[PDB]
Number of protein chains: 2
Amino acid sequence: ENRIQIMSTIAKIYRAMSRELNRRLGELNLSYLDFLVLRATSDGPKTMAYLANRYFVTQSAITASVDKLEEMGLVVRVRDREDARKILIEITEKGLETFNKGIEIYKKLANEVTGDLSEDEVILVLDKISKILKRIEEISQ
Amino acid sequence: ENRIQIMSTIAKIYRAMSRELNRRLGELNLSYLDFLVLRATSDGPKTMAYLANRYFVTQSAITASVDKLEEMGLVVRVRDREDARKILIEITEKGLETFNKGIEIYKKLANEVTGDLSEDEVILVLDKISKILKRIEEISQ
Ligand SMILES: [Ca+2]
Ligand SMILES: [Ca+2]
């Protein structure tokens with residue numbers, strides 16, 4: 001039926017986008033996950049637990065991504081003033097710079113794949129799928 | 001901007017759906033990937049290379065899924081009459097039965113998350129995102 005197709009098409013779009021993003025982001029020395037980590041911390045420090053849960057990826061995958069971004073000087077680990085085991089991943093200036101370059105790449109690709117759509121259509125679709133997301137997130141967790 | 005949000009919302013929807021599907025499919029003794037393997041072979045035998053490429057997953061992940069489904073008696077390996085290394089993964093009757101049960105679960109979830117939408121809206125959104133998919137697939141590969 002149609003409702004099945006909306007969800008399955010969403011999935012196919014995600015897989016194709018994730019693959020192309022991985023390729024285009026490679027030139028900034030980042031994978032799609034590394035970019036997601038930068039996007040998440042671009043607006044504030046994030047715990048590694050949050051990162052793994054928000055983007056549905058193993059904790060070991062987050063550890064690998066953060067270790068990498070840290071070596072690249074794009075994020076830093078900030079330990080609580082009194083506690084030490086409590087860690088927050090904060091983005092750096094260089095990281096924000098790289099993130100912004102990542103956003104342009106994402107924006108460029110988003111403009112292409114949605115080219116057959118007009119502003120009205122884009123807004124119409126966005127409004128409607130935002131409802132779908134609200135529902136699945138209320139269900140999923 | 002809006003075009004960015006369409007793609008990012010698509011991704012968030014995918015992650016939330018994949019997580020809930022994994023949970024609901026667990027009762028049929030399948031993960032989301034195993035279900036994808038059954039969906040792919042439900043209409044005809046598929047090579048393992050195709051499976052890994054179509055659903056963007058490592059070959060080792062496909063091997064693990066197929067080994068599993070085979071032990072569960074849901075798929076079989078069919079070797080060419082003359083060649084032996086050439087393998088096709090064919091679904092079994094039990095596999096089709098299990099697949100169909102999987103489809104009902106997917107259908108049930110799809111109906112819920114898209115509840116705020118009407119038939120017209122569903123068709124309208126489907127038509128439009130199918131264009132997005134056509135474009136990304138032409139770009140991605
Ligand atoms: Ca809930
Ligand atoms: Ca091409």
Side-chain angles (χ1 to χ4, degrees), chain A residues 1-18 56 110-141, chain B residues 1-28 30 32-33 35-44 54-56 96-140:
Chain A
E1 193 219 299
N2 302 315
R3 292 166 186 287
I4 283 180
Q5 281 305 313
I6 283 183
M7 306 316 291
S8 80
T9 300
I10 283 182
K12 289 179 176 66
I13 290 181
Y14 173 78
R15 309 190 189 102
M17 276 289 293
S18 53
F56 191 47
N111 287 327
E112 288 174 54
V113 302
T114 68
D116 301 306
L117 286 56
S118 64
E119 294 313 307
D120 297 303
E121 296 185 299
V122 166
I123 299 298
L124 194 59
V125 173
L126 172 63
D127 186 62
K128 285 160 174 47
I129 63 174
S130 69
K131 295 174 181 178
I132 293 174
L133 174 58
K134 187 182 184 193
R135 294 304 161 186
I136 183 59
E137 299 209 301
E138 300 182 317
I139 295 174
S140 203
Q141 303 198 72
Chain B
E1 193 219 299
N2 302 315
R3 292 166 186 287
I4 283 180
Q5 281 305 313
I6 283 183
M7 306 316 291
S8 80
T9 300
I10 283 182
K12 289 179 176 66
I13 290 181
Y14 173 78
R15 309 190 189 102
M17 276 289 293
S18 53
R19 181 200 291 285
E20 186 52 22
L21 277 171
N22 254 145
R23 199 189 68 81
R24 295 192 182 188
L25 289 171
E27 303 170 59
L28 299 186
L30 310 164
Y32 175 48
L33 177 58
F35 171 67
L36 291 179
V37 172
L38 291 180
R39 201 307 173 193
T41 61
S42 68
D43 53 42
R54 182 57 181 156
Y55 301 98
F56 191 47
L96 271 171
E97 172 185 309
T98 309
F99 164 63
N100 287 152
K101 286 185 177 59
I103 277 300
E104 289 307 302
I105 288 176
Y106 194 100
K107 188 171 302 184
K108 185 183 305 302
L109 184 56
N111 287 327
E112 288 174 54
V113 302
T114 68
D116 301 306
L117 286 56
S118 64
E119 294 313 307
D120 297 303
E121 296 185 299
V122 166
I123 299 298
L124 194 59
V125 173
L126 172 63
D127 186 62
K128 285 160 174 47
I129 63 174
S130 69
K131 295 174 181 178
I132 293 174
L133 174 58
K134 187 182 184 193
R135 294 304 161 186
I136 183 59
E137 299 209 301
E138 300 182 317
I139 295 174
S140 203

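FYI, side chains are in, hydrogens and waters are out, and symmetry mates aren't considered; it's all heavy atoms of this structure. Chain identifiers are assigned alphabetically (A, B, ...) following the order of the sequence lines, protein sequences preceding nucleic acid strands; residue numbering begins at 1 within each chain.
Residues A:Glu121 and A:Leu117 come closest through the heavy atom pair OE1-CA, 3.3 Å. Summarising the geometry of A:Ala110 relative to A:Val113, their closest heavy-atom pair is O-CG2, 3.6 Å, with the distance given to 0.1 Å. Closest heavy-atom contact between A:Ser8 and B:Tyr106: N-OH, 3.2 Å. For B:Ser140 against A:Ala16, the heavy-atom pair with the smallest separation is OG-O, 2.8 Å. Taking each heavy atom of B:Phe56 and A:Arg15 in turn, the nearest pair found is CD2-O, 3.8 Å.
The existence of a salt bridge linking B:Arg23 and B:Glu20 is confirmed by a sub-4.0 Å separation between a basic side-chain nitrogen and an acidic carboxylate oxygen. Ion pairing between a basic and an acidic side chain is recognised when a charged N comes within 4.0 Å of a carboxylate O; B:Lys108 and B:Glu112 show no such pairing.
Proximity of A:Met7 to B:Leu21: side-chain heavy atoms (C-beta onward) are nowhere separated by under 4.5 Å. In this structure, the side chains of B:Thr98 and B:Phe35 stay at 4.5 Å or more apart for every pair of heavy atoms. Side chains of B:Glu1 and A:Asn111 form a contact here, defined as non-hydrogen atoms less than 4.5 Å apart. Under the 4.5 Å side-chain criterion, counting only non-hydrogen atoms from C-beta, A:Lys128 is in contact with A:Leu124.
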Go through it in stages, so that I can follow the logic: the residues are B:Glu138 and B:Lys134, the test is side-chain contact (heavy atoms from CB on, under 4.5 Å), and I'd like the CA-CA distance, side-chain angles, deciding distance and then a yes or no.
CA-CA 6 Å; B:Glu138 300 182 317; B:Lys134 187 182 184 193; 3.6 Å; yes
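Taking OH of B:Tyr55 as the reference point, atom CG of B:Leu33 lies at 10.0 Å (rounded to 0.5 Å). Residue B:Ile136 holds its CD1 atom at 14.5 Å from NZ of A:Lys12, rounded to the nearest 0.5 Å. One distance of note links OH of B:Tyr14 with CD1 of A:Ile10; it measures 12.0 Å at 0.5 Å rounding. Here OG1 of A:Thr114 is found 12.5 Å from CD of B:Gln5. Values are rounded to the nearest 0.5 Å. Residue A:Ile139 holds its CD1 atom at 11.0 Å from CD of A:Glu137, rounded to the nearest 0.5 Å. Interatomic distance, A:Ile13 CD1 to B:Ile129 CD1, rounded to the nearest 0.5 Å: 5.0 Å.
For the side chain to side chain contact (heavy atoms under 4.5 Å, CB included) test with B:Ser42, the passing option among B:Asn100, B:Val37, B:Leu96 is B:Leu96; the others fail. No option in B:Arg135, B:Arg3, B:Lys131 other than B:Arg135 meets the salt bridge (charged side-chain N to carboxylate O under 4.0 Å, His left out) test with A:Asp116.
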